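Chemist: Before I ask anything, here's the sequence and the deposited coordinates:
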Amino acid sequence: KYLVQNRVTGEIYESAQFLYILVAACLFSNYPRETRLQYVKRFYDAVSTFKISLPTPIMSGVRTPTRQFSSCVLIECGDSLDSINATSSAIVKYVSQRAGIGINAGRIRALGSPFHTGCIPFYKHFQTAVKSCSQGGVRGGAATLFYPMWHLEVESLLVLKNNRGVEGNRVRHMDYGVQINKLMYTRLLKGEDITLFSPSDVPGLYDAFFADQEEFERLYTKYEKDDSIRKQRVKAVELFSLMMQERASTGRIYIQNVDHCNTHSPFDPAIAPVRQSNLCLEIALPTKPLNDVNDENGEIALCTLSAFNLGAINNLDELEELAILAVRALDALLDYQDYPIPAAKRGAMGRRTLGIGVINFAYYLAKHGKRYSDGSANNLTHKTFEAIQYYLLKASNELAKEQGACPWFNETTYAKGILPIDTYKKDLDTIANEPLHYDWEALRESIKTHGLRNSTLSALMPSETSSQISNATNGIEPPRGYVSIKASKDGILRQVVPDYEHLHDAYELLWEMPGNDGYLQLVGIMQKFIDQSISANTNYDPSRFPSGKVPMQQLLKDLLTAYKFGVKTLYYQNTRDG
Amino acid sequence: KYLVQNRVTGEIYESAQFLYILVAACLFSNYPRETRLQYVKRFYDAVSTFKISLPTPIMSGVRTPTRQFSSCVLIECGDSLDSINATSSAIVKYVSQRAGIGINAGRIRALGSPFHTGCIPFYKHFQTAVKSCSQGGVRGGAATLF
Amino acid sequence: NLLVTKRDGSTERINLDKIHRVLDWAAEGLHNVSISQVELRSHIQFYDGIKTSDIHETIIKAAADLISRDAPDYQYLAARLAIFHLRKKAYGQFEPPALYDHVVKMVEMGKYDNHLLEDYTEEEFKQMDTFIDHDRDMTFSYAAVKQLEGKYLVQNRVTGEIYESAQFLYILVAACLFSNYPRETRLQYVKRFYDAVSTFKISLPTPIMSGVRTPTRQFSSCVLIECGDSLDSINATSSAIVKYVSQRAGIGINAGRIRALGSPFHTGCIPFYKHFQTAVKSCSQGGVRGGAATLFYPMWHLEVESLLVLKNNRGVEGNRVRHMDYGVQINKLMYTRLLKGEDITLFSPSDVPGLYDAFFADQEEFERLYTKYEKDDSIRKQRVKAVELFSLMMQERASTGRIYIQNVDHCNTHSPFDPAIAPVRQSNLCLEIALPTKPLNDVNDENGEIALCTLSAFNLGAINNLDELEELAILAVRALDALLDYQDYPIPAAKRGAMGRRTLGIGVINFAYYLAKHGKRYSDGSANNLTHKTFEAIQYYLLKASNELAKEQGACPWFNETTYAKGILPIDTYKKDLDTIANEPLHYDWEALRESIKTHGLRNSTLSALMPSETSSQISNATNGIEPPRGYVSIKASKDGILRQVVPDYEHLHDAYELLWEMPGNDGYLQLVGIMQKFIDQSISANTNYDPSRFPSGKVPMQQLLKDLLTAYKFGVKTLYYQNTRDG
Amino acid sequence: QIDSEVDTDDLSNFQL
Amino acid sequence: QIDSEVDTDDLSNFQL
């Protein structure tokens, strides 16, 4: 996938060091000759020694005639045919360029409303839009679609990927993110009812869900009492259970804690709320519905990604230079790449959002003698993720001094001198006591004064391909085993975890974890510092449970644990088969 | 389907000869007063004695506040994403007004072409466009593709 | 910081030192356990605001999840943590209250019977409290504690509250059973019985353990009902079943007298069997979960081929009665027909005068009547190949595991009862009980006899030697004999059996473990003489205890109906072939015992029966009954997690144990059963076992099924219970 | 499969 | 499953 080649004839034209030097040369091409070749050399050294990892579109394409490098798009649909159409059109355009899509369709009004016919037929239409450029309308093309838990149609929406059922009631080839806030969870804990509403019947409630929890509570209880409003009551237990049952059987009903996405966020939610995520649940950016594919008042969010290889750095202060390099390379790519939809160019040029994560986290823990499952890694993770965020923020602040803050910098909590260390879930104090080692107060004043080049810097994405290039463990995940196995036309491809020889006992394999608590605490600790979100998995081995069945009690307790430690999203649920 | 009524409460508000006289009155409304009422009378006599038949959207709607009377639309798709999108958008708009669609999609290039992935996934997308305003994404919404 | 929600509503900072100290306490004397591992696994699950009892459950489970054969002592760590938690739940502190104060409180709440406070003075409770050793709670394994908390300890099943601890259960079971004893001996019996049970030497059934001390008088768990060939008796039988299954008793039903389909019960046995099943299931969850019965009939019954296939999955619903088990009754003549490749003739019991009676009571009369009726062409009859009939029975036994066998000649030639007067014509649910019965005419018929039996067991692994059985036998016989007068009788005919015969069924647990620590095995004959020796001591001492009780209190009213009354002993009537497989001499003075029984009689017409155990074995961490363990670690599902139990002294004995599937075959085990049966008054719940992977093409041959059946018969085995087939 | 059994009282303890 | 094959001659040897 990386090396420039003839896919017709089988010819390969380059070697890896040419790819790396030329990716560096292209990204830094506009730099003044005084610094240009120094940045090139330094970025080249960082990537070719595996300290920094880039996404496949960059690795395959930067140096070639293409300008298609956007792989991650977020589109919010409004409650109108015009916006439904524009959304569909934008999806088709972006999936033909092989981007993953996050679709917010939770504003579409429910079936029976004075969208008389409902959400589902529009969801089906989003699916064919996503699959429009796929082999036999299935292989390739991927999307996650988002809606609120209190949506009137939610029980129908929850079961969309269930194998059995009428084809008319099923939309199986997209994933789903259910959006939840504290009030929903409180109803569960109190054994109370959740009231379902169409977003069209409840003025200000949708907006308040994301932006203002006290206003949401006020509007929600009000509308629950107004018998003129169309509504339905369901047991919170039954609703949550249904969601968790669908999450468990498919692994692909996801969760977004939308209050956490907005109380602990680079963005002021009164201006630029986060109301959805992307395909993989780590991206959290503002959006605005389109009226037309070419609507200049819409906002589609894009994010350019990279990662630091935690296993290739000897110490954390190396991140200062890596952060400078990664922030600058990706910021330059924002000006270089094409924008097929005007509203996507608006998001990228306005906010200049980046999502830099990590790979080789399991390996890093192992070589430091820590584990996921027992809390031994808590303070180390606090320390590690402080350094990442501090240095990312520092690099982007310096870039702002040199080149200008991003046009819409004033919409960030950053602009008001608010930092991630000010707004994190307080419960984190009970599970780590690592102090801050860096001068955040000095950084705070510098950001207040010079701003940031980029409204977001950090997001913890899954990796597979880039991890493999470095022989790194993927993202923040424990490996399933010591040897990974891939099918190919060239034979069985094996990869052994790094330094198996000296570290086999130091590793904690995924199914060796007694449970999810320790891992979720690490996620929570990471999230203290991360600007966007984290593709956090939950895992269950049936053979650890009586009669091999995972109890709903444990599914819900883990969900609650995630919430309590300020976890913004939950991605895949993996169930061991075995 | 014809008589003006409350579909919520079951109330019927008119009778057939009011429908017929008012369909005639609306359609000939711009005619000069010299000929207008003569056309009205004559068209009224033709329809109420069954010599001329009109489609359901006209019979249910002409006399009421609606202006949606198009039931039959033909859309030709070009071989580009932009045209595929425009076609899909136009379908959705027209099926929400309950029109039947004829879709020409024969210009879309075949699977394997230097629409690398073929006609079918675009056909599937035209179908969901057609079914976008249908009960459970099936009942109602109709198209023939060429 | 991290906060904890106190036991009511209050909140305090977590006390990690206090948790550490309780774990350190629980780990004392244990090996290969890591307090710090338990701390790591549990503490990661704590959250700000966690309920105190949730902290406890979390640490208990963390210890429990680490139970394995390499670290067996986690069984004890988790147990002691659970005990600690349960003390706090019952008492709001670790130290239990004084015994008098506890009893007064429980009587006030209506949880204990107030007869306890009538029968003993405060001073007597203070005295009993001096007997108690609350630290014996530290000797339970984790699975034992889970059994105690789930079924033994007095508790609110609505609200989850537990009200007592194990040593209060044990002292009060003892106090209740010996309550009528003269004050000269009473508290001595109480102390001694308390010491025997709380140190696991004697095991009691669940109804006794859960109920004796409380207001209930329902303690009968094992009833045998014989049905006569009439609608009135069919009805009475059904009524008695319903009454007893509502009290959770297992039933043995003899329905072999019901006449066959087509008889001048024109419509047959099966619709009556179906009616017995709904009677058994009448008080069951959704008419299936709970309620258990085994129904008995002769192999020569005219309908037998239909009866044999009643639990077979395929077939018409009208031809199936699937939720009872069956015991097929067989005698020497039936087996002889098989060996000779001859025919068996099937008869309705209504058409063959004296044949049913003779089947059980008199084999030579049976032979005479049977061959006679076979020749009389006026009698309705059917001929079948003995091979085909036996094969069908064994095929159904193999596929369900639950077609059982009773050798009715053995049940009557080697028996506490004279078969001319009080024949044994059936067994119970589990095939170890063998007592006389008489059909009822009416639920309240005073001329019917329903057999009941009160059970217990000796723990062979908790005695240092066999002469300890003298005192244990005195204690167990006396405790159960007193319970006979204490318990309720919902059916008059059941009271008649119990008061007339005063039948007991005392067995054993921990037999596998006992063999292992003596270096013997099941499969190779190495245990034959040891088993002879062991089971002699059990029976001798049981008989001795009951004989002494008779001198003191009177022989049982119907003692004269026993072979015991005629000076006949088990050592006189056993299957002679046993002489070929053991040569252990008798070590006890049976001739002196014989004269003493002749003269003073027995308090109890039966003393011994070898029952299965599961629950009581678990409390003691004993291997079950006489069975080899399937593996070294047993596993149970529960709402509280996966419950593991390691076999006793796995550490030193793992190679000495012979696991069930390690036995090359059934012969050695059946020889032990035969040897045990030499001395046992009733019968033994003997299993047969087959691993398909020991056989060509993974199929168990019929030849081997029949040879094992014949081996059982030849060594005088009275009954065969479960056939286990390994899946694997 | 999973076990849909939910103890609603155990949940009420939790502190979001 | 089981093997219903029965050698009736082998059985005749046995002594109850």
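Modeler: Perfect, thanks for sending it. Residues are numbered from 1 along each chain as shown, chains lettered A, B, ... in the order given.
Chemist: residues in contact with residue 3?
Modeler: Since you didn't name a chain, this refers to chain A. The neighbours of residue A:3, taking CB atoms under 8 Å, 6 or more residues apart in numbering or on different chains as the test, are A:12-16, A:19. (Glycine included, C-beta is placed from N, CA and C.)
Chemist: should've been chain D
Modeler: Contacts for residue D:3 (CB under 8 Å, 6+ apart) come out as A:545, A:547, A:549-553.
Chemist: could you redo the last one with a cut-off of 7 Å?
Modeler: The contact partners of residue D:3, by CB atoms under 7 Å, 6 or more residues apart in numbering or on different chains, come to A:549-552.
Chemist: Just the buried ones out of these, please.
Modeler: Buried subset of the contacts of residue D:3 (neighbour count, 16 or more other CB atoms under 10 Å in any protein chain shown): A:550-552.
Chemist: farthest-separated two in the contacts of residue A:3?
Modeler: Farthest-apart pair in the contacts of residue A:3 is A:13 and A:16; separation 12.3 Å (CB to CB).
Chemist: Neighbour count for the two, which is higher?
Modeler: When residue A:13 and residue A:16 are compared for neighbours, residue A:16 comes out ahead with 13 against 9, by other CB atoms under 10 Å in any protein chain shown.
Chemist: Closest to chain E out of the buried ones among the contacts of residue D:3?
Modeler: For the buried ones among the contacts of residue D:3, the residue nearest chain E by CB to the nearest CB is residue A:550; the value is 34.8 Å.
Chemist: I figured the closest one was touching residue D:5, is that so?
Modeler: No. Using CB atoms under 7 Å, residue A:550 makes no contact with residue D:5, being 11.2 Å away.
Chemist: Quick check: the residue of the stretch 401-550 of chain A found nearest chain C vs residue A:563, distance?
Modeler: Closest approach between the stretch 401-550 of chain A and chain C, counting by CB to the nearest CB: residue A:546, at 3.7 Å. Per CB to CB, to the nearest Å, residue A:546 is found 26 Å from residue A:563.
Chemist: If you count surrounding residues, which of those two has more?
Modeler: Between residue A:546 and residue A:563, counting by other CB under 10 Å, residue A:563 is the more crowded of the two (26 against 16).
Chemist: now the helices for the stretch 51-200 of chain A?
Modeler: A:56-61, A:81-95, A:120-130, A:154-158, A:182-189 (DSSP state H, counting those that start in this stretch).
Chemist: Would you mind finding the longest helix in chain A?
Modeler: Longest helix in chain A, counting residues (DSSP state H): helix A:378-403.
Chemist: And that one, what does it pack against?
Modeler: Counting by 3 or more CB pairs under 7 Å, 6 or more residues apart in numbering or on different chains; DSSP states H and E, the packing neighbours recorded for helix A:378-403 are helix A:319-336, helix A:440-450, helix A:517-529.
Chemist: quick one, which of the ones you listed is nearest to residue A:403?
Modeler: helix A:319-336 (8.1 Å).
Chemist: following the closest one, which helix or strand shows up next?
Modeler: Of the helices and strands lying after helix A:319-336 in sequence (DSSP states H and E), the nearest is helix A:342-351.
Chemist: Show me what that next one is packed up against.
Modeler: Contacting helix A:342-351 under the criterion 3+ CB pairs under 7 Å, 6+ apart are the following elements: strand A:301-302.
Chemist: Other residues contacting the strand it packs on?
Modeler: For strand A:301-302, the surrounding residues in contact (CB under 7 Å, 6+ apart) are A:70, A:72-74, A:285-287, A:344, A:347-348, A:353.
Chemist: export the helices of the stretch 51-200 of chain A to TSV and tack on distance to chain D and mean neighbour count?
Modeler: Below are the helices of the stretch 51-200 of chain A laid out as TSV (distance: least, CB to the nearest CB, whole Å; neighbours: other CB atoms under 10 Å in any protein chain shown):
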stretch	distance to chain D	mean neighbour count
helix A:56-61	36	20
helix A:81-95	33	24
helix A:120-130	25	25
helix A:154-158	15	21
helix A:182-189	5	20
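Chemist: got the ones you listed as a markdown table, with distance to chain E columns?
Modeler: Shown next, in a markdown table, are these (distance: least, CB to the nearest CB, whole Å):
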| stretch | distance to chain E |
| --- | --- |
| helix A:56-61 | 55 |
| helix A:81-95 | 55 |
| helix A:120-130 | 49 |
| helix A:154-158 | 45 |
| helix A:182-189 | 51 |
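Chemist: Look up how far residue C:86 lies from the closest residue to the residue of the stretch 401-550 of chain A closest to chain C other than its chain neighbours.
Modeler: In this structure, residue A:546 finds its nearest non-sequential neighbour in residue C:637, 3.7 Å apart by CB to CB, 6 or more residues apart in numbering or on different chains. Residue C:637 sits 21 Å away from residue C:86, going by CB to CB.
Chemist: Can you report phi and psi for residue 12?
Modeler: Just so you know, I chose chain A. phi -100, psi 140 (degrees, to the nearest 10).
Chemist: From residue C:588, how far off is it?
Modeler: 94 Å.
Chemist: The residue in chain D that chain A sits nearest to bridge partners, please.
Modeler: Using CB to the nearest CB, residue D:3 is the residue of chain D that sits closest to chain A, at 4.2 Å. Beta-bridge pairing for residue D:3 (DSSP bridges): residue A:551.
Chemist: ok, so what distance separates it from residue D:12?
Modeler: Counting by CB to CB, the gap from residue D:3 to residue D:12 is 20 Å.
Chemist: Which residue, other than its chain neighbours, is closest to the residue of chain D found nearest chain B?
Modeler: Here chain D gets closest to chain B at one residue, residue D:4, 27.4 Å apart by CB to the nearest CB. Spatial nearest neighbour of residue D:4, chain neighbours left out: residue A:552 (5.1 Å); criterion: CB to CB, 6+ apart.
Chemist: Residue D:5 is in contact with that neighbour, correct?
Modeler: Yes. Under the criterion of CB under 7 Å, residue A:552 makes contact with residue D:5 at 6.4 Å.
Chemist: give me every residue that touches residue A:344.
Modeler: Residue A:344 sits next to A:73, A:300, A:302 when contact means CB under 7 Å, 6+ apart.
Chemist: Output those as a markdown table; include the columns neighbour count.
Modeler: Formatted as a markdown table, the contacts of residue A:344 follow (neighbours: other CB atoms under 10 Å in any protein chain shown):
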| residue | neighbour count |
| --- | --- |
| A:73 | 29 |
| A:300 | 28 |
| A:302 | 28 |
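Chemist: From these, pick the one nearest residue E:16.
Modeler: Proximity of those to residue E:16 (CB to CB) peaks at residue A:73, which lies at 86.2 Å.
Chemist: ok, which stretches of chain D are helices?
Modeler: Under DSSP H, chain D gives helices at D:8-12.
Chemist: How about it: which residue is closest to chain C?
Modeler: residue D:15 (3.5 Å).
Chemist: residues contacting that residue?
Modeler: Applying CB under 7 Å, 6+ apart, we find residue D:15 in contact with C:47-49.
Chemist: repeat that with 10 Å
Modeler: A:189, A:427, A:560, A:564, C:3, C:5, C:47-50 (CB atoms under 10 Å, 6 or more residues apart in numbering or on different chains).
Chemist: got it, and residue A:336?
Modeler: Contacts of residue A:336 (CB under 10 Å, 6+ apart): A:26-27, A:29-30, A:62, A:67, A:69.
Chemist: Just flag the most distant two among these.
Modeler: Going by CB to CB, the pair spanning the contacts of residue A:336 furthest: A:30 and A:69, at 16.0 Å.
Chemist: hang on, isn't residue A:339 packed against residue A:67?
Modeler: Yes. Under the criterion of CB atoms under 10 Å, residue A:339 makes contact with residue A:67 at 9.1 Å.
Chemist: What distance do you get for whichever residue of the stretch 451-578 of chain A sits closest to chain B to chain E?
Modeler: Closest to chain B within the stretch 451-578 of chain A is residue A:489: 19.5 Å, counting by CB to the nearest CB. Applying CB to the nearest CB, to the nearest Å, the value for residue A:489 to chain E is 44 Å.
Chemist: How about residue A:429?
Modeler: 65 Å.
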